[PDB]
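Input: a single structure, listed below in C-alpha cells.
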Amino acid sequence: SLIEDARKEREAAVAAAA
Amino acid sequence: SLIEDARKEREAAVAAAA
Amino acid sequence: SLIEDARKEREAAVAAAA
Amino acid sequence: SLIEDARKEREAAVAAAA
Amino acid sequence: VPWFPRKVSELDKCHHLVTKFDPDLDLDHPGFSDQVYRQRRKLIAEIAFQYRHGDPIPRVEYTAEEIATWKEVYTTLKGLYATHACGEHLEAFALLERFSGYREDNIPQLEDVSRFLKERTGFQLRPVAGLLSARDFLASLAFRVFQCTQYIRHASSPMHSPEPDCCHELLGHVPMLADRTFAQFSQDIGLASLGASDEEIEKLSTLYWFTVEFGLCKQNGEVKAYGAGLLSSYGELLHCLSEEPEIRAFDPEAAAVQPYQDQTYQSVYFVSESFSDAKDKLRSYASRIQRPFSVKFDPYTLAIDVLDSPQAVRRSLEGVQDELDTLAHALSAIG
Amino acid sequence: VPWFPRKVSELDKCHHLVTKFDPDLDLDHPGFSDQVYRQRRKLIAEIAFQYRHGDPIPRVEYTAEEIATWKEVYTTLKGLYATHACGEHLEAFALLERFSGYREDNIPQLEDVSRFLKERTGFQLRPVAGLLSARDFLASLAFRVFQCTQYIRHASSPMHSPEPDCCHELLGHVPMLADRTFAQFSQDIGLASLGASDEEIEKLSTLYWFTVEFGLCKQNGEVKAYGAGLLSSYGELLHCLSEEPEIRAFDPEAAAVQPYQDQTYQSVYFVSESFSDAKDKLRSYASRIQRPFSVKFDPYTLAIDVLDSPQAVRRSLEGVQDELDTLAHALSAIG
Amino acid sequence: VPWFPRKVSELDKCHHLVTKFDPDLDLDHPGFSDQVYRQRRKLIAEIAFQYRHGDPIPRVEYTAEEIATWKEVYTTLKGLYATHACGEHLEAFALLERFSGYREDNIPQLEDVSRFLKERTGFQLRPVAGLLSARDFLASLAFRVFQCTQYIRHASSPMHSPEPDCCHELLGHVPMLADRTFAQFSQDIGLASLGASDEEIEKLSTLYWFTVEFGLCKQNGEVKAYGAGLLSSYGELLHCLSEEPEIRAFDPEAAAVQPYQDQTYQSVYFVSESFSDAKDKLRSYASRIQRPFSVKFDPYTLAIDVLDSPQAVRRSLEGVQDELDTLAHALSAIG
Amino acid sequence: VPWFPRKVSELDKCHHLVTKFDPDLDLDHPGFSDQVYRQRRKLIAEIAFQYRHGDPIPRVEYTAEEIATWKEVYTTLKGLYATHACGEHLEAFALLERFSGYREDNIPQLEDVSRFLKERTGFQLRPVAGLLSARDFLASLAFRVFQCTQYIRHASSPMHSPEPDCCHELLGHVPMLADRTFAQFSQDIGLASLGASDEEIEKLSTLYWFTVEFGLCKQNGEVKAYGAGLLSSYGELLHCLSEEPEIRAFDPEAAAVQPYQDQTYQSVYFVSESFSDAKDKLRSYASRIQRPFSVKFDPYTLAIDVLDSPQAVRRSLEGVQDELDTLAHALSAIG
Ligand SMILES: NCCc1ccc(O)c(O)c1
Ligand SMILES: NCCc1ccc(O)c(O)c1
Ligand SMILES: NCCc1ccc(O)c(O)c1
Ligand SMILES: NCCc1ccc(O)c(O)c1
Ligand SMILES: [Fe+3]
Ligand SMILES: [Fe+3]
Ligand SMILES: [Fe+3]
Ligand SMILES: [Fe+3]
C-alpha cells in the first residue's frame with residue numbers, strides 16, 4: 040500500500056508546482 | 040498542619056507496636 | 040606582582056598599535 | 040608462539056599445586 | 163519495612179479500597195454549619211472517592227456564593243501580585259488567564275486546567291477531599307500528580323480559610339507547579355519521600371511546609387516569596403516580606419526540626435537564593451537519609467522502579483547512553 | 163520547508179479542521195455492498211473525526227458477525243502462534259489474554275486496551291478511519307501514538323482483509339508495540355519521519371512497510387518473523403518462513419528502493435539479527451538523511467522540540483546530566 | 163586574534179627560539195651583590211633555557227648556605243604548619259617527607275619530586291628562570307605543568323624573599339598542587355587562560371594571585387588558608403588568619419578588579435567555603451568570558467584541541483559515551 | 163587470587179627484582195652462532211634489565227650488517243605496502259618517514275620514535291629482551307606501553323626471523339599502534355587481561371595472536387590485512403590475502419580455541435568489518451569473562467584502579483559528569 044501513498048504524496052506535492 | 044500529621048503518623052505507627 | 044604583569048602586557052600590546 | 044606461552048603458564052601454575 | 167506503591171495502578175486500587183466512608187467533620191471551624199456546605203462536601207467526597215485513575219475529571223457547577231468569592235479574591239490578589247510575587251508566578255497566571263480563563267468573573271474548571279498543566283509541565287490533579295495522610299500525599303507528589311479538592315473556603319472568612327481549598331491551591335500552588343525547574347524539584351521530593359520511615363516521612367514533610375507552602379527567593383536583585391501560603395493569604399503576603407517575622411537562609415535540617423505553629427501567622431522563614439540550590443541540597447539530604455535502595459521515575463510509562471541492584475541501574479544507564487548517542491548524531495547532522 | 167506539528171495540541175486541531183467529510187468508498191473491494199457495512203464505516207468516521215485528544219475512547223458494541231469472526235481468527239491464529247512467532251510476541255498476548263481479556267469468545271474494547279499499553283509501554287491508540295496520509299501517520303508514530311480503526315475486515319474474506327482493520331493491527335502490531343526496545347525503535351522512526359521531504363517521507367515510510375509490516379529476526383538460535391503482516395495472514399504466516407520467497411539481510415537503502423507489490427503475497431524479506439541493529443542503523447540512516455535541524459521528544463510533557471541551535475541541545479543536556487547526578491547519589495546511598 | 167600553542171611541542175620550540183639571552187638583573191632587591199648569586203642565576207638560566215620538553219630534570223648541587231636556609235625554614239615552618247594549614251596540605255608534606263625526603267637536614271632535588279607529582283597527580287615541573295610572561299605561564303598551567311626555578315631566595319632575608327624561589331613554590335604551591343580537586347581546578351584556569359585577550363589575560367590572572375597565592379577556606383568547621391603566599395611567609399601566615407586584614411567571600415569579579423599592592427602584606431582576602439564552589443564559578447565565569455571557541459584537554463596524548471565546531475565536540479563526546487558503556491559493562495559484571 | 167600490579171611503579175620494581183640474570187639461548191634457531199650476536203643480546207639485556215621506568219631510552223649504535231638489512235627490508239616492504247596494507251598503515255609510515263626518519267638508508271632510534279608515539283597516541287615503548295610471560299606483557303598493554311627489543315633478526319634469514327625483533331614490531335605493530343581507535347582497542351585488551359585466571363590469560367592472549375599479529379579488515383570496499391605478522395613477512399603478506407588459507411569472520415571464542423601452529427605459515431584467518439566491531443565484542447566478551455571486580459585507567463595519572471565497589475564507580479562517575487558540564491558550558495559559549 041505504501042507504493043500508492045508514495046506516488047500520491049509525490050503527485051500532490053508536484054501538482055501545485057506546475 | 041504538618042505538626043498534627045507528624046504526630047498522627049507517629050502515634051498510629053507506635054499504636055500497633057504496644 | 041601581577042599588577043606589573045598586567046600593565047606590561049597591556050603596554051606591550053598597545054605599543055605596536057601606535 | 041602463544042601456544043607455548045599458554046602451556047608454560049598452565050604447567051607453572053599447576054606445578055605448585057601438586 | 164514500610165510499604166509503598168510502585169505505580170499509579172496500585173495507588174488508585176489499594177488507596178480507594180482500604181479507605182472508604184471517611185467524611186470530614188470540620189464543625190469547630192468557622193462556618194460549616196449551613197446544610198449546603200455539608201452537601202457540597204458530600205458531593206466532593208462522592209466525586210473524589212469514586213474517581214478512577216486515568217478518567218476525565220468530572221465538571222462541578224458553581225453557585226453565586228463561590229463565584230462571587232472568586233471574583234473578590236481574584237481582583238484583590240491580582241492587584242497585589244505585581245509585588246511580592248516571583249518571576250515565574252507572574253507569567254504563570256498571565257498565560258493561564260489568557261488560556262485557562264483565570265478571571266474574577268469566570269472561575270475555571272478542573273478538567274480544562276488539568277489538561278493545560280499536564281500538556282505543558284506534565285502535571286495532573288487528583289480531585290481528592292477529606293483528610294490526606296503523609297505517605298500517600300508524598301507518593302502522589304512523586305508521580306508529579308498534585309492532590310486537589312473541588313470545594314472552596316467558607317464564605318464566612320473570604321480573606322483566609324481555616325482549611326486548604328481550591329482557591330488556595332490554585333493560587334498559591336498552581337503558578338509554582340508550572341515552573342519546570344520547580345516541577346522537577348517537587349518531583350525529587352516525592353521520590354525521596356517514597357519508602358521514608360515514620361520519622362523520615364515527618365522530616366521530609368517538614369521541608370515541604372517550610373519550603374513549598376512558605377518560601378523566599380532572591381532573583382533579579384530583589385527578594386520575593388514563592389510559598390503557596392505566602393501568596394495565598396493577603397495578610398501573610400505583606401507579613402512574609404515584612405521584617406517583623408524571622409528570616410533565615412534555607413536549611414534542610416533547620417526546617418525539619420524548626421518549631422511550627424497552627425492557626426497563626428508564620429515568623430520563621432527560609433530563603434533560597436536559587437531553586438537549584440534547594441534541589442541539590444535536598445538530593446544530598448536524601449542521600450544522607452538512610453534507605454536500603456533508591457528510586458527512579460520513567461516518564462515513558464509514568465512508572466516508578468526501585469533502585470537496589472546494579473542490574474536495575476544498568477537498565478536505566480543503557481537508556482541514558484542511548485539518548486547521548488541520538489543527541490550526538492543530531493549534533494553531527496546539525497552544522 | 164515542509165510543515166510539521168510540534169506537539170499533540172496542533173496535531174488534533176489542524177488535522178481535524180483542514181480535513182473533514184472524507185468518507186471511504188472501498189466499493190471494488192470484496193464485499194462492502196451490504197448497507198450495514200457502510201453504516202459501520204459512517205459510525206467509525208463520526209466517532210473518529212469528532213474525537214479530541216486526551217478524551218476517553220468511546221466504546222463500540224459488536225454484533226454476532228464480528229465477534230464470530232474474532233473467535234475463528236483468534237482460535238486459528240492462536241494455535242499457530244506457537245510457531246513462527248517471536249519471543250516478545252508470545253508473552254505479549256499471554257499477559258494480554260490474562261489481563262486485556264484476549265479470547266475468541268470475548269473481543270476486547272479499545273479504552274481498556276489503550277490504558278494497558280500506555281501504562282506499560284506508554285502507548286496510546288487514536289481510533290482513526292478513512293485514508294491516512296504519510297506525514298500524519300509518521301508524526302503520530304513519533305509521539306508514540308498508533309492510529310487505529312474500530313471496524314474489522316469484511317465477513318466475506320475472514321482469512322484475509324483487503325484493507326487493514328482492527329484485528330490486523332491488534333494481532334500483527336499490538337504484540338510488537340508492547341516490546342520496550344521495539345517501542346523505542348518505532349519511536350525513533352517517527353522522529354526521523356518528522357520534517358522529511360517528499361522523497362524522504364517515501365524513503366523512511368518504505369522501511370516501515372518492509373520492516374514493521376513484514377520483518378524477520380534470529381533469536382534463541384531460530385529465525386522468527388515479527389512483521390505485523392507476516393503474523394496477520396495465515397497463508398503469509400507459512401509463506402514468510404518458507405524458502406520460496408526471497409530472504410535477504412536487512413538493509414535500509416535496499417528496502418527503501420526495493421520494488422513492492424499490492425494485493426499479493428511478498429517474496430522479498432529483510433531479516434535483522436537483533437532489533438538494536440535495526441535501531442542504530444536507522445539512526446545512522448537518519449543522520450545521513452539531510453535535515454536543517456534535529457528533533458527530540460520530552461516524555462515529561464509529551465512534547466517535541468526542534469534541534470537546530472546549541473542552546474536547545476544544552477537545554478536537554480542539562481537535564482541529562484541532572485539524571486546522572488541523581489543516579490550517582492543513588493549509587494552512593496546503595497551499598 | 164591572539165596566538166596560543168596547541169600542544170607541548172610548539173610550547174618548547176617557539177618559546178625557546180623567540181626568547182633568548184634574557185638574564186635577570188634584580189640589583190635593587192635585597193642582596194644580589196655577591197658574585198656567587200649571579201653565577202647561580204647564570205647556571206639556572208643555562209640549565210633552564212637549554213632544557214627540552216620530555217628530558218629529565220638535571221640535578222643541581224647545593225652548598226651550605228642554601229641547605230642551612232632550608233633547614234631553618236623547614237624547621238620553623240613545619241612547627242607552625244600544625245595551625246593555619248589545610249587538611250590536604252598536612253598529608254601533602256607528610257607523604258612527601260616520608261617519600262620525597264622533605265627534611266630540614268636534607269633538601270630534595272627536582273627530578274625525584276617531579277616524578278612523584280606526575281605519578282600521583284600527573285603534574286610536571288619545568289625549571290624555568292628569569293621573567294615569565296602571563297600567557298606562557300597560564301598556558302603551562304593549562305597543560306598541568308608548573309613552571310619552577312632551581313635557585314632559592316637570598317640568604318640576606320631568609321624570612322621572606324623579594325622574588326619567588328624554589329622554597330616558596332615548594333612549600334606554598336607543591337602541597338596544594340597535590341590535591342586532586344585543586345589540581346583539576348588549577349587546570350581549568352589554564353584552559354580558560356588560553357586564547358584570552360589582553361584584558362582577559364589580566365582578569366583571569368588576577369584571580370590566580372587573589373586565589374592561588376592567597377586563599378582561604380572553611381573546612382572541618384574551622385577557617386584555614388591555602389594560598390601559597392599565606393603558607394610561604396611566616397609573618398603573613400599569622401597575618402592572614404588575623405582579623406586585622408580585610409576578609410571577604412570569594413568573588414571572581416571582585417578579585418579581578420580589587421586593587422593590589424606589592425612589597426607589602428595583603429589586607430584583602432577572598433574565602434571559598436569549598437574548592438568546588440570556586441571551580442564551577444570560574445567555569446561559569448569562563449563561559450561568561452567571550453571567546454570565539456572553547457578548549458579541551460586530552461590526557462591520553464597530553465594535547466589541547468580547539469572547540470569551535472560541533473564535529474570536534476562530537477569527537478570528544480564519542481569517547482565520553484564509550485567510557486560509560488565500558489563502565490556499564492563493569493557494573494553488570496560486578497554483583 | 164592472581165596478583166596483578168596497580169600502576170607502573172610496582173611494575174618496574176617487582177618485575178625487575180624477582181626476575182634477574184635470564185639470558186636467552188636461542189641456539190637451535192637459524193644463526194645465533196657468531197659471538198657478535200651473543201654480545202648484542204648481552205648488551206640488550208643489560209640495557210633492558212637495568213632500565214628504570216620514566217628514564218630516557220638509551221641510544222644503541224648500529225653496525226653495517228643491521229643497517230644493510232634495514233635498507234633491504236625497508237625498500238622491499240615499502241614497495242609492496244601500496245597493496246595489502248590498510249588505510250591507517252599507509253599514513254602511519256608516511257608521517258613517520260617524514261618525521262621519524264623511516265628510510266632504508268637511515269634506521270631510526272628508540273628514544274626519538276618513543277617520543278613521537280607518546281606525543282601523538284600516548285604510547286611508550288619499553289626496550290625489553292629475553293622471554294616475556296603473558297601476564298606482564300598484557301599488563302604492559304593495559305598501561306598502553308608496548309614492550310620492545312633493541313636487537314634485530316639474524317642476518318642469515320633477512321626475509322623472516324624465527325623470533326620477533328625490532329624490525330618486526332616496528333613495521334607490523336608500530337603503524338597499527340598509531341591508530342587512535344586501534345590504540346584504544348588494544349588498551350581495552352590489556353585492562354581485560356589484568357586479573358585474568360590461568361585459563362583466562364590464555365583465552366585473552368589467544369585473541370591477540372589471532373587478531374593483532376594476524377588480522378583482516380574490510381574498508382573502502384576492499385579487504386586489507388592489519389595483523390603485524392601479515393605485514394611483517396613478505397611471503398605471508400601475499401599468502402594472507404591469498405585464497406589458499408582459510409578465512410573466516412572474526413569470532414572471540416573461535417580464535418581463543420582455534421588450533422594454532424608454529425614455525426609455519428597461517429591458514430586460519432579472522433576478518434573484522436570494522437575495528438569498533440572487535441572493540442565492543444571483546445568488551446562484551448570481557449564482561450562475559452568472570453571477574454570479582456572490574457578495572458579502570460586514569461590518563462591524568464597513568465594509574466589503574468580496581469572496580470569492585472560502587473564508591474569507586476561513583477568516584478570516576480563524578481569526574482565523568484564534570485566533563486559533560488564543562489563541555490556543556492563550552493557549547494553554550496560557542497554559537
Ligand atoms: N494544611 C492541610 C494539608 C495541606 C498540605 C499541603 C498543602 O499545599 C495544603 O494546601 C494543605
Ligand atoms: N496498508 C494500509 C496502510 C497501513 C499502514 C500501516 C499499517 O500497519 C496498516 O495496517 C495499514
Ligand atoms: N610574583 C612573581 C610571579 C609569580 C607568579 C606565581 C607564583 O606562584 C609565584 O611564586 C611567582
Ligand atoms: N612470538 C613471540 C612473542 C610475541 C608476542 C607478540 C608480538 O607482537 C611479538 O612480535 C612476539
Ligand atoms: Fe497548600
Ligand atoms: Fe498494518
Ligand atoms: Fe607563588
Ligand atoms: Fe609481533
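Residue numbers (the deposited numbering), protein chains in the order written: chain H, 40 to 57; chain E, 40 to 57; chain G, 40 to 57; chain C, 40 to 57; chain D, 163 to 497; chain F, 163 to 497; chain B, 163 to 497; chain A, 163 to 497.
Ideal Cβ positions, reconstructed from N, Cα and C, are used throughout, including at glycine.
Close Cβ partners of residue i (< 8 Å) along its chain, the five nearest in sequence each way excluded
i	result
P320/B	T231, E234, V235
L294/D	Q309
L464/F	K169, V170, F305
Cβ neighbours of residue i in the same chain (closer than 7 Å, five flanking residues each side left out)
i	result
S318/F	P192, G193
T368/B	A417, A418
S478/B	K458
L399/B	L242, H246, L392, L393
Simplified DSSP state of residue i, which is helix, strand or coil
i	result
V290/D	coil
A411/B	strand
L173/F	helix
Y462/D	coil
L469/D	strand
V222/B	coil
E50/E	helix
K441/D	helix
Residue i, enclosing alpha helix (DSSP H) - first and last residue
i	result
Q381/B	Careful: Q381/B lies outside any alpha helix (DSSP H), inside the beta strand (DSSP E) at 378-381.
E208/A	197-211
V275/B	273-283
Nearest to residue i (by Cα), restricted to the options the options
i	options	result
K204/B	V163/B, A291/B, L252/B	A291/B
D460/B	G284/B, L403/B, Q197/B	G284/B
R200/B	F211/B, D188/B, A210/B, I209/B	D188/B
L252/A	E405/A, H335/A, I314/A	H335/A
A207/A	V222/A, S195/A, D196/A	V222/A
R410/F	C379/F, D424/F, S438/F	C379/F
Host beta strand (DSSP E) of residue i (start-end)
i	result
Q309/A	307-310
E405/B	First-last for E405/B: undefined, no H or E at that position.
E435/A	Looking at the DSSP string, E435/A is not in any beta strand (DSSP E), and its letter there is neither H nor E.
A387/F	384-387
Neighbourhood of residue i by C-beta distance below 6 Å, restricted to the same chain and skipping five residues each side
i	result
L258/D	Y264
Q428/D	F376
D184/B	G292
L173/F	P167
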